[PDB]
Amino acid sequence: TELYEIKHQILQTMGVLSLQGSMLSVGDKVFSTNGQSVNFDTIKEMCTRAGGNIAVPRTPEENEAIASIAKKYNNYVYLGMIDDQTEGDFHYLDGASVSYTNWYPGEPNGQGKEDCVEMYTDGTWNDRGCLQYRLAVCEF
């Protein structure tokens, strides 16, 4: 009965955090923002410090969840993808090539100097430099 209780209590705490607007759950992932806007490198640091990672959508469902955060907070969001070494070749921060995409029409159109990806409030993507201030969204 220790284990049933443990699960119930976890469900309660997650429920509270969800109600408060502090987390969104999509499958195995939890997304969260504290509402702050900073550049891409600072978002990475902020998420890592919290024990998570800069958010990236790998499915339509995850894109929709992150989009809803962009919408609720009315700001563009940096995503956990880059095209550093290879150009036009976006990779997650774990090194793996991106699969799911949701590019805004015409994108990625980027310079060799647009190594980051931002999400617009409508959930679509634009390759961009990494020094803009964007909503910090993390995944856990």
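Numbers follow the displayed sequence, beginning with 1.
K.L.:
Mean C-alpha B-factor higher for 2-10, or for 131-139?
P.N.:
According to the PDB entry, the answer is 2-10.
K.L.:
Looking at the entry, does 86-94 or 31-39 show the higher mean C-alpha B-factor?
P.N.:
Comparing averages over the C-alpha atoms only gives 86-94.
K.L.:
Can you tell me whether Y73 has a C-alpha B-factor in the lowest, middle or highest third compared with the other modelled residues of the same chain?
P.N.:
Its C-alpha B-factor, which the entry lists for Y73, ranks in the middle third among residues of this chain.
K.L.:
What third of its chain, lowest, middle or highest, does the C-alpha temperature factor of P60 fall into?
P.N.:
Middle third, going by the recorded CA B-factors of the chain.
K.L.:
Determine, from the deposited record, the chain-internal third of the Cα B-factor for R49: lowest, middle or highest.
P.N.:
Middle third - that is where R49 ends up once the chain's C-alpha B-factors are sorted.
K.L.:
Which third, lowest, middle or highest, does the C-alpha temperature factor of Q20 belong to within its own chain?
P.N.:
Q20: CA B-factor falls in the middle third of its chain.
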